[PDB]
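Structure first, commentary second.
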Amino acid sequence: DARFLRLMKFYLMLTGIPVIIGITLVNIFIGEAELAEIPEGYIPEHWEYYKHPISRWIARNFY
Amino acid sequence: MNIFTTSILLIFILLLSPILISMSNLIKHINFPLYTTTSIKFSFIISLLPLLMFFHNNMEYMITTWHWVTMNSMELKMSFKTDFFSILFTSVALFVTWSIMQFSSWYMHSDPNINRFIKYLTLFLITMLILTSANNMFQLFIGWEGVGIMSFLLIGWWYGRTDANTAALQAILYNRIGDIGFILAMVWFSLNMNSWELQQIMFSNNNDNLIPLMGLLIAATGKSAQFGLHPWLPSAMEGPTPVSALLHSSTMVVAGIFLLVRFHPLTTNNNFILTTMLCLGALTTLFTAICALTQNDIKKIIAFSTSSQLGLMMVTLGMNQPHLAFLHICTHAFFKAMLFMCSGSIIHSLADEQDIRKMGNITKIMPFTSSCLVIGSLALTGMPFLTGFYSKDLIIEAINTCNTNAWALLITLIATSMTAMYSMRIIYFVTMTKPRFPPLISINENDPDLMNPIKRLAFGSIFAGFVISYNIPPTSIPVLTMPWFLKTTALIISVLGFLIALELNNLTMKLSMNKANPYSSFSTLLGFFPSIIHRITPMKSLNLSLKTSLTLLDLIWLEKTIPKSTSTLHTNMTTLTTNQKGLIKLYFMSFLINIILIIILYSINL
Amino acid sequence: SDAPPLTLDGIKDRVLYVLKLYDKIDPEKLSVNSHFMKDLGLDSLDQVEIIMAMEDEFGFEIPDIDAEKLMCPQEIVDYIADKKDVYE
Amino acid sequence: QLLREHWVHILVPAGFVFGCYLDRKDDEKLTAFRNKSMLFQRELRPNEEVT
Amino acid sequence: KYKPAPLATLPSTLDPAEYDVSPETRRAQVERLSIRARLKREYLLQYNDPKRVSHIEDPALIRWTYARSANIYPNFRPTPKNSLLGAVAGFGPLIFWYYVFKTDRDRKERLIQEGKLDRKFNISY
Amino acid sequence: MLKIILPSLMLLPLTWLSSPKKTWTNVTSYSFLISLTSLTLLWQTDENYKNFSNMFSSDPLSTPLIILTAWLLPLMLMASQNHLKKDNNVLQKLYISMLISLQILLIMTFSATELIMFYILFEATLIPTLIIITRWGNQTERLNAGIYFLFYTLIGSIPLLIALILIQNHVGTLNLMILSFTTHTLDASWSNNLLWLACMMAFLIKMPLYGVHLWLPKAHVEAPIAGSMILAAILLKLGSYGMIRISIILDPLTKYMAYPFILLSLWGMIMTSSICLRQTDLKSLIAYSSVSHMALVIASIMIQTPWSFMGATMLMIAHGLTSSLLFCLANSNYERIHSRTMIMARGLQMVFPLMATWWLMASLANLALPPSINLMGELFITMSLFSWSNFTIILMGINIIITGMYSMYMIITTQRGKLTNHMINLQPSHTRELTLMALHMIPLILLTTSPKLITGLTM
Amino acid sequence: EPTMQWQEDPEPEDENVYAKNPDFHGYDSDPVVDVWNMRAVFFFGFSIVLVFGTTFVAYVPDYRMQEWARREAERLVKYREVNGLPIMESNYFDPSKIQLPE
Amino acid sequence: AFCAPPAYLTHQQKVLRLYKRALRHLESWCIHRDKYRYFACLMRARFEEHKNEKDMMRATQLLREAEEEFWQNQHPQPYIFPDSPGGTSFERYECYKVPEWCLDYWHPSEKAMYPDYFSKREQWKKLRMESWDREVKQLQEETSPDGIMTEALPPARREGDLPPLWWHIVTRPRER
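Residue numbers (the UniProt record's numbering), protein chains in the order written: chain A, 64 to 126; chain B, 1 to 606; chain C, 69 to 156; chain D, 5 to 55; chain E, 5 to 129; chain F, 1 to 459; chain G, 48 to 149; chain H, 2 to 177.
Here's what the structure looks like:
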C-alpha cells in the first residue's frame, strides 16, 4: 500500500506539476484578453472569437 | 468588506490543510493531533473577527464564491450566508472542538490509528461548517449527508463492537427518513419558485407552503432527537465519549433546528406548524426525562438530557422565539460537552466502567472533575447566572406567557423539574456516596492536555451566555410584565427537584428493599418502544422481502410464466412433430389430405 | 491513564489477602493448594461466593463452566494468567 | 535483430494518420454549400482562398 | 407473569420441557454431543493442519446457498394461496398506484382546462 | 470518427502478432492512447451538432458513452489479467479480440444516425458477450444464462426491426434529425399503439424492468469480471440511448403508453431494492441494485421532460462507473477465496486497510451521497416525477431508504466484522487492482467538479 | 466392479506469488514484465490521460455557448431596458406574417 | 471459555447458576455493598434451609418456582461486566487482535528490522511440523470405536513430545 500510494503520487505529480506551472506562467505573462469590438474592415477568424490563449491556440492549430 | 470574506474562507482553508497533510508522507514524522489542534485554535481566533465586525455593523453578508453549472434557468453556485446564526456557530463549534481535540490527544493513547481519528473529526467539522454557513439548500443537503456518514464511521471506529455496527445502521436509517422530507422541500421549492436559495424562497411568505414545512419538520425529527426517531441517540454512546459529545451534544442534532430557524420567515404564517412544533418537541421532554431517571450509563443519561433540551428548543420555535432557541443551542453546547469530557476522564482513570453503580467518593478522590461536573449540572438545572439562565428562563417566561397548549406547557415544566432530578441523581450516585468501585487505583488528572481544556470550557460556560445575551442585537420584543409565580417558575421548580432528589436518594438507604415496579421498569427500558419496533419492523419487512419478492416473484413466477412456459410449449409441439415413424403408407395418406385441402380452398375462393 | 500490568506475585498476594479476609472457615492460614471442599471442608455456596468476590476484585467475569471446577488458588491464578496473558 | 519486435508500435500511429486522412477526404467531399449558406455567406476577401 | 411469543421465546430455564430427567432425552442430548464433538475435531484437524496453503470449505453454507438460489423451481409445486399470493403481489399494488396517478392527472388536467391552477414560477419542469 | 475506430481496428492484429511477453502492455497502453484521442468530440463550441458523414455522427448524449466505453476497455483488460493466467496465449488473445470488437461495435452504434445501423450493431454486441460468458465462466449454469440473454435480446430485436421497416416505407428515410424535422402526429389507434410497443419493447427488455430482470443476475454471476463490467455499464445503456433517440417520433402516444411501464419500473425498483437486503450472492446484490437504478432511468425517460433527461444521463454514467467498480472489488475478494458468498469472508479492514476506502467510496456513491452525479441525477429525476405527479416522492423515498440500508449492509458484512482465521489465502492487494479502483473513482471526482459535459441534450 | 471415475487431472492447489516474487505487482510472474507493464499503465493512464485530458477539457471554450449566451443576454437586456421594450414578449413569431382559419 | 460443557446438566449446577445470577441482580438492585452483603446472607439462609433435602420432586418444584420468581423480580437493566458480553469493551479490541499468519506475507524490507523475532518464528513452526503427525495417531489410535465422544482433548501421554492441537490455542493474541 505504501508502494501504490508513493508510485501513484509520483506518476501524477511528474506531469501534473510541470503542466500546472506552465499554466500559471501562461496566465501571468500571456493572461486573458480583451473584448475588442468588431471593426468594419476586419472579419475575425475562429482563433479570435475565443478568450483564453490556450483555447485560441488550439483552435488555430488543430481545429 | 474584504477582510470579512478573507476570514470566512480562511477558516475553511485551515480546516482543509490538515486533511491535505493526511494525503502526504509527513504524518509518520509529525504530531498530527497537535498540528490539527493548533490549526483549529487559529481558525477560532480568525472566526472571532466576524463577530466583532458584525456586532459593530450588524451587517449580514452573502457571497457566491464559485459558479458550478447553469442548468437552463436554474443555476448553482457555492453560496454562503454569513449572518448571526452561522457566524456565531462557527466560533462556538471551534471553541469546543479545540478542547475536544486536546482531550482526544490525551484520551486515545495506546491506539495506533489516532491520526485517522483526527482526520475523520476535522472532516465532520468541515461538513458541519458548510451546513451552517451555507445558503443553497443543495449545499445544505451536502452538509447533512456528510455529517451522517461521518457519524456512522465514528460510531464504528472499533469495528468489532458488534452492537456498534447496528447503532450506526440505526443512525443512517433515521437520518435518511429525515432526508426524505428534506428532498420533498427541495423539490417543492425548485418547482414553485424555480430556485433553491433562501433569498428567492423568502417570497413564498404568502402561500400555503405547507408540504415543504412538513418536510423540514420530518428532517428535524430525524437528524435531531424527537418522539418518533430518538432511539439512535442513546446507542451512539457505544462509541467513544469525545465523539459521543461533539456529534451528540452540540452538532448533528442542532442541524435540524438550525434549518428550521433559517426557514423561520415562512413559519410565522402557518398556524399549524406553530402548533405541531409543541405536540412533538414538548412530548420528548417527557418520553426521555422518564428514561433519564433509572438509566445507569452516564452517556445514556446525558443523551436523554440532550433530547430533552432539543425538544424544549423545538417548543420555543413552535411558539416563535427562534433567536432564543439559537442562543440556547450555543450555551447548552458548552456544558453538555464539559460533562462528557469529565465523564471520559473518569472512565479512562477507571477500568472502563461507565456505570454509576460502581463509583463514588469522586469528590475527594478527584476534586477537579467533580467541581466542573457540579458547575455543568447546576447550569443545566438553570442556576441564575451560569449561561443556562440567560436562555432557559426567558424561554420559560414565553412558554407560559403565550397562547401555548396546556398539556404541552405542563409536561414541559415537569421536564424542567426532571432536569434537576437526574442531575442530582448523577451528583449523589457518583459524588456523594461511598467508594463502591474496585480496590486498585491509578488515578491521574494532573496532565495539562486534560486539565486545561475543562478549565477553558468552564470559563466559557460561565461567561459566554451572559456576554451574548448582552451583546447580540435584541431580535425580538420580550414580555416583562407578569406575576412572580410566573417569572420565577423555573427557579422554584428546579429547587423542588433538588429537594425531592435529595429525599429519594437518601431513601435509597434504610434497607428499604426494592421491587420491580412497572413505571420504573418502563423508564429503564425506554418505554419498550425500541423493544417492539426494532423486533417486529425488521422481521416483517425482511420476511416480506424474502417470501413474496425473491422467491414468489423473482425465482418462481416470473420464470414459470414466460421462459419455462415457452419451453414446455415448444417442447410438446416438437414431441408431436417428431413422433413420426417411417411409414410411406402414412406419409402418402397425409400428402393426399393436403392435396384435398388445396383443391377445396381453391374451389371455395374461386 | 493505563496502570501497569499484573504479575504472578501480585496476583497471589491479592488472592491470599481476600481469602484471608474471608471469615467462614479459613483458619487464617491458607496453603496455596488449600483445597476448599477437600482440605478445608467448605461448601459450594462458599466457593461460589469466593469466585464472585474475585470477579469483583479483578473487574472481569469468570464463566460458570470454570467457576464450578476451580478448586485451588493455584488453579484460579493459572486461569487468570492464561486469560490476561501475563509473564511474557 | 529487433524490428520484428519493435515495429508493431508503428501501426496505431499509422491508423490515426489514415483516419484523419479519410475524414479529410470526406470533408473535401460534401464541399457543396462551402459558402452558399444563409448564415456564413462571406465576400471571399482577397488572398483568402476558400475554406 | 409471563407468556411466550414469536419474538421473546420462553427462556431456557423456565421451559417445562427442561428439567426433565428422561434417560431417552438425556441420551439424545449425549448423542448431539457426540455429533458436535466429532464435527469440532474434524474441524480442528484442519484449522491447525500444517502444510496447508488454502482455506476450509463450508458445505453447510454451500447447501444453504443452493437451497436459497437454485433448488427452488424444481421442488416448487404450484398450488392455491400460492398462485393467489403471487397474483396479488404482481397485480394489486401496481393497479392501486395507477388509479391514484390517473385520478391525480385528470384532476390537474381539468383544473388547467378551467384555467385556475396557479402555475406561476413553474418555468422549469 | 475513424480516428477513434481505425486504431481500435489495429489493436486486433497487434494483439495477434505481438509476442506474449509484450502484447498485454502494448495493447493496454495503446488503448489508453485511444481513450485520450476520444476527447476531440468535446470541442462542442456552439450548439450545431457534429456530423461527419451520412454514416456517422456525435451528440452530447452519445459522446459520454463513447468515452466511457473507450475507457472501460483497458479496465476490462487489466481486471482480466490474473485469472486465465494458466490459459494459453492464443486463448487470452481471443479474449482480448472479443473485448476490442465489443468496444468498436459500441462506438459505431453510439455514434451512428440510421437506427438500422444502430440495430445491427446493437444485435452484433451479443456474439462476444455470449462467448465471453460461456467459454470463460466458473460455473455450469452460464449456458442457460447465455441462452436467456441471447433470446430476450432477439425477441426484442425483431419487432423493432419490423417497425423500422414500416417507418422507412411510410416516411422516406430513417436518418435522425430528419425524422425530427419531418415528424408528424398519429391518429392514436391500436395500430400506432402496437407500433409504439414494437419500437420500445426491445430497448425495455434490455434495460430491465421488474418483469424481465431475470437474465441480469445470471449473467453478472456466472460470467467473469469483463462481461459483468460491460453489461452493468453499457449494454444496458444502449436501450436507453435508442429509446431517447427514437421517442422523438411517437408523440403523443407516450402519455398513456407509459403508465403501465412507469408503474412496473417503480414497483420493481422497490421490490428489487428490498431483495438486495437478503440476497446472499454479492454480484446478485449488485445486479439488483443496477435494476433499481435503471428503473429510475426508465421512469425519467418516458415522461419526456428536460430535467428528466439530464438526470437520466447523469445517473446512467454514474451507475456505469460505480457498478464496474463494485464488480472489480467483488472479483478481487473472489480470486483470493473462490466463493461469491457475502457471509463467508468477514471482518476485513484489518488486512486490507486501504481497499476499504475503495469499498466505501463506492457505496457512498450508490446511496446517493453528494456531491455526486449520482444524487444530482436521482434528485432531478425525482423533481420531474413530482411534477408529473405528487404521489411518487413516496416510492422515491422508499427506494432511497432501502438503498441507504443495503449499501451499508454490504459494507458491514465484508469490512466491519472480526477477521476469520482460516482464510490464509489472503494475498494482499495488487497494485493492478488498486489502480483499477482509482481509475474508476477519479473520473467521478472530476465530473462531480465539472458536470456540464455530462448533462444531456437539454444543456 | 462397483464404479470408476472418468480419468481427470486432480484439483490444482492454491499457491502464493509473493513467495517467489516478493517484488510482485499483480500482472505476471515475470518480474521485468510486471514492472514495465505497471509503469506503462501508470504513465499512459495517470500522467498523460488524466492530466492532459483534464487540461484539454477544462480549457475547452464556451461549451454549448453558456458564455456567449450570458454575454448576449446582458447586451440585449441593456438594449431593451433603454429602448423601453419589455424584456420578453409572450409571442415569439410575428403575428402579422401569420394567417389563421376561422 | 476454553473448556467446553457437557450436554446435560445437574441440579447442582442449575442451583449454583441461579444463585450467582440472583446475587448479581441483587448487587445491581441494592447498590451499597452493605445492603448487598445483608441480602446476600439472607439468600444464603434461604438456600441452606432446603439444602439438605434431596427429593427430586421438591427439587424440581422449588427450582421452577425459583426461576419464575427470579425472572419476575430481576433487574431490567442489570450490571454487565465490561470485559464480558453486553458490556462496553466486548470485542472492542478485536479490530486490533490480528492473528499471526498475516506475518508470512510481510515484505523482506520490513522484516529486515525486527530481525530477532523472525529468527524465532522458524524454530517455533519447526516445533510444529516435527510433532504434528504424532498428534494424530494419539487420537486415531485412541479414537475409541465406541463412537461416543466429547469435545475434550487428551494430553501427550509420552514425554518430550508435545500435546495435540495446540496451535489454535497458543498464538491466540493478547487481550490488551
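Backbone N, C-alpha and C define an ideal beta-carbon position, used for all residues, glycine too.
Chain H contact for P131 (chain C) (CB, 7 Å cutoff): yes
Any C-beta of chain B under 7 Å from that of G78 (chain C): no
Nearest-angstrom Cα separation, counted from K299 (chain B) out to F48 (chain H): 38 Å
Cβ of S90 (chain H) within 7 Å of any chain B Cβ: yes
Paired residues, beta bridge with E75 (chain B) - DSSP: B:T70
Unbroken alpha helix (DSSP H) run spanning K44 (chain E), endpoints: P27 to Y51
Given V16 (chain D) as reference, the closest of F:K21, F:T37 and F:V171 once Cα atoms are compared: F:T37
The segment 141-153 of chain F / the segment 20-36 of chain F touching (three or more Cβ pairs under 8 Å): no
Sequence-distant residues of the same chain with beta carbon closer than 6 Å to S35 (chain F), five excluded per side: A70 and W71
Beta carbon proximity, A71 (chain C) to chain B, threshold 7 Å: yes
Proximal residues of chain F, C-beta to C-beta of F22 (chain D) below 8 Å: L2 and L6
8 Å Cβ cut-off: residues of chain A touching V98 (chain G): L75, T78, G79 and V82
Best match in B:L20, B:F84, B:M108 and B:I8 for proximity to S349 (chain B) [C-alpha to C-alpha]: B:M108
Simplified DSSP assignment, three categories, for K81 (chain B): strand
Extent of the continuous alpha helix (DSSP H) to which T28 (chain F) belongs: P20 to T37
Local Cβ density within 10 Å of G85 (chain A), reported as buried at 16 or more and exposed below that: exposed
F327 (chain F) vs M243 (chain F) beta-carbon contact at 7 Å: no
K585 (chain B) to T568 (chain B) span [Cα, whole Å]: 31 Å
Validate contact between the segment 114-124 of chain B and the segment 204-218 of chain B using beta carbons, cut 8 Å, 3 pairs: no
For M62 (chain B), the three-state DSSP class (helix, strand or coil): strand
Among B:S133, B:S86, B:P112 and B:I27, the one whose alpha carbon lies nearest that of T64 (chain B): B:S133
Neighbouring residues, chain F, relative to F67 (chain A) (Cβ below 8 Å): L354, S429, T431, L434 and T435
Meets three-Cβ-pair contact criterion under 8 Å: the segment 113-121 of chain C and the segment 133-146 of chain H: no
8 Å contact criterion, which residue 653 (chain B) and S391 (chain B) should meet: CB distance rounded: Here chain B comprises residues numbered 1 to 606, so residue 653 (chain B) is not present and cannot be evaluated.
Within chain G, partners of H108 (chain H) - CB distance below 7 Å: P69
Residue-level contact to chain D via CB, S228 (chain F), 7 Å cutoff: no
Pick from H:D105, H:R34 and H:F71 that is closest to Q427 (chain F), judged by C-alpha positions: H:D105
Neighbourhood of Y428 (chain B) by C-beta distance below 6 Å, restricted to the same chain and skipping five residues each side: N505
Backbone secondary structure at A188 (chain F) - three-state DSSP: coil
Listed by chain order, chain H residues near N421 (chain F) by CB distance under 7 Å: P100
Own chain partners of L24 (chain H) with C-beta closer than 7 Å, once the 5 adjacent residues on each side are dropped: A41 and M44
Cα-Cα separation between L210 (chain B) and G404 (chain F), rounded to whole angstroms: 27 Å
Spatially closest choice to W307 (chain F) from B:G228, B:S442, B:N405 and B:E75, by CA coordinates: B:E75
Inter-residue CB distance, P208 (chain F) and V291 (chain F) (contact presumed, cutoff 8 Å): 5 Å
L24 (chain H) at chain E interface by Cβ criterion, 7 Å: no
Cβ neighbour criterion (16 or more within 10 Å) applied to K5 (chain E): exposed
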